[PDB]
Every structure is written in C-alpha cells, then in structure tokens.
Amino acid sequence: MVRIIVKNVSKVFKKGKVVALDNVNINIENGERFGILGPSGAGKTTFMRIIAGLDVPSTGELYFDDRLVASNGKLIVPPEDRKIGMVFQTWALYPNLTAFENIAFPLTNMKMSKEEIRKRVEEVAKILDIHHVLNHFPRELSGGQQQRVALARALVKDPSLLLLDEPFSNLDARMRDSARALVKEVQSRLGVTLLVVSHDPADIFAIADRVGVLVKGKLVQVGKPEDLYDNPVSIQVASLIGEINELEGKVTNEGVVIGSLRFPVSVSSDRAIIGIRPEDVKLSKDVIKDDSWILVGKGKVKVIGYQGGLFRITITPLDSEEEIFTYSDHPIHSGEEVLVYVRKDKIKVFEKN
C-alpha cells in the first residue's frame, strides 16, 4: 500500500567513527514483500529503525510514496504519523495484560471510544484467529498464539507498512515454517508493504520476492532470490545466500588450476576464487557421457556424512587440501578416487583480493 524510497541514506555513530549505513539506495514497491539479508552488525536494525522513524539518516533522504519523511539528520514525519506496524527482535507482550489489552494498548491515545476500541481489536483478532483467546494472558498462550497476538498488535491501527526485525527467533523449526507461512497469509489478507530483515537465508527464500544483501553498512546487491543465488556479485554474497564450495586457484591458459582439478573459467588476475554449489557437483567412478556435466579432473573421497536422509560426501583433488562437498542418495567410501564433474554454466568465479 506504500512505496518506500531510500535515497543515499547513511548513518553514523560514535561521532562519525562508525559508519553503520553507507550510501544505501533502494526503492521498495507498494505491496511488495521485501527482505534484507546480512550478518550480525551489518546494519539491519539501524536500517529498520530509520524506516520506522525511530531514527533518521545522518545524510540522505527517505520518502513514503511522494512524502518526504526524513532528510539529512532531520525527522520530517514522525513515526506515529507514518502508518507502520512493527515486530522487532526484542519484541515482548506485556505479561500482565491480557491478549485484548496488549492489542488495544496502541489505541490508547487514538481518540477512540471504548466501543470503537473493542470493535477494532476484535476485527484484527479474528483475522489472526485469536479472537477466542482474547481474555488469556500471554503465559496462557502457545508460542504460535503469542506471535499472532504480536502481529495483531502491530496491525491494530491499520498500517500500510509492516516491519519485521528477525521475528522468528522465539521459534524452533516446526514453528518457523508456520510463522513464516502466517506472515505471508497476513500480508495477502491486508495488502501491506512488507519489509523483513534477518541473518537467516531461510527466512528470505520463504517470504521475500525481492532481497537486498547488506554487508558492513553497504547494500552490495539487490535482486530476486534466485538471481542472488545464481549470479552473486561476490563470493561473500554467494555463501550468505546459500551453501557453496569456495576454492582458490591459479589462473592459466587452461583455466583455474586447483591440484588435479581444472575449471574452464577465467579472471583477469593472477589467482581466482572458484564458487561451486553442492548441487552442481557430481562424482563418478566412470566417465559420464552427458553433455550437461563437465569433467574437471580426478578427486579422492576424504570423509562422508549422513543427515536429512542424504549422504554428504567430501572430497579433495589429488595434491590439494581444498575441500569440495556434495550431497547424494548413495555413499562413496573414503579413500576412493573418483571423477569430479560440474555444471559448467554454474561455476562461479571471482578475482582474488
């Protein structure tokens, strides 16, 4: 319901010594599910606080649709005036207030009569399917119900934008699938623009249609999840977005040499970083007569693992310590020599520092 325009936004702390956000540019579309992925300290929370209006850019500007809301250290439209709902990592329900009371809290100063408050609370409660537990205290609620109450609370003032800062922390994994699914359902039910930030790539593929990767204050790449996955701008982005084998090698006329392996790609540097995802590796004791797979050389199985019903096979090239792992339905025992194949169009390559 609202477009978020971030133009050259920077944010400094410690009187300038720390640059938490550096020249961030991004246009989030109205009604879009947008995600930001980045390691601890990347500046995710700082970013979300600026969007919320709890902080302002040191330099640069922020627009909601065509409305300027903050500019170069100045707050133009305060948080209470932005039509935003928030669930932050530190979020907590007031333990001594019922579910009703928690959801109603934000309406305290909204000039609504008792009946208008009740109606609004019950309406959102129904949407989140917790109308029947409105009289419960948070301790009487399941983990799933607690999140539903927090969401209802964030949505009670009918916002155009919902902000989630690493919300799926209190959950495990069965609960994580459900919580993610709930976020998407609610976004569809209301049409809100959605921004979720996390250090967990699972949260991103699960919820966001477009994602920005944040590293040390810099937004290094923006695109659809699959675009970041297949065409990462760096080896660091490549591994942040998913599992990958990282290999260092020498660039030569034949390609990037790594022990007994030779990758048919190149960079304009002395050495290169090779990135190859597990699904893009295939091991075989015989030559594979299949054009979609490319032989890179001989390898040797170093160790095998088992998890999630699959075997994790780790090899090294001959005359190298570099590791390459991949998953398979069948095991190959350690010490065995094998042929290593890769999906050539899937080899990722970067100049080395």
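A residue's number is simply how far along the shown sequence it sits, counting from 1.
> Going by the average Cα B-factor in the PDB entry, point out whether 161 to 169 or 175 to 183 comes out higher.
Higher of the two, by average CA B-factor, is 161 to 169.
> If you average the Cα B factors in the entry, which is higher, 122 to 130 or 229 to 237?
Taking the mean C-alpha B-factor of 229 to 237 and of 122 to 130, the larger value falls to 122 to 130.
> Out of 90, 146, 260, 198, which shows the largest CA B-factor listed in the entry?
Of the options given, 90 has the highest CA B-factor in the PDB entry.
> Checking the entry, which one of 82, 153, 282, 136 has the top C-alpha B factor?
Checking the PDB record, the top C-alpha B-factor among 82, 153, 282, 136 is at 136.
> What third of its chain, lowest, middle or highest, does the C-alpha temperature factor of residue 348 fall into?
Middle third - that is where residue 348 ends up once the chain's C-alpha B-factors are sorted.
> What third of its chain's C-alpha B-factors does residue 306 belong to: lowest, middle or highest?
Within its chain, residue 306 is a highest-third residue by C-alpha B-factor, going by the deposited values.
> Considering only modelled residues of the same chain, in which third does the CA B-factor of residue 274 rank: lowest, middle or highest?
As the PDB entry reports it, the C-alpha B-factor of residue 274 lands in the highest third of its chain.
> Ranked by Cα temperature factor within the chain, is residue 264 in the lowest third, the middle third or the highest third?
Highest third - that is where residue 264 ends up once the chain's C-alpha B-factors are sorted.
> Lowest, middle or highest third: where is residue 224 by Cα B-factor in its chain?
CA B-factor rank for residue 224: middle third.
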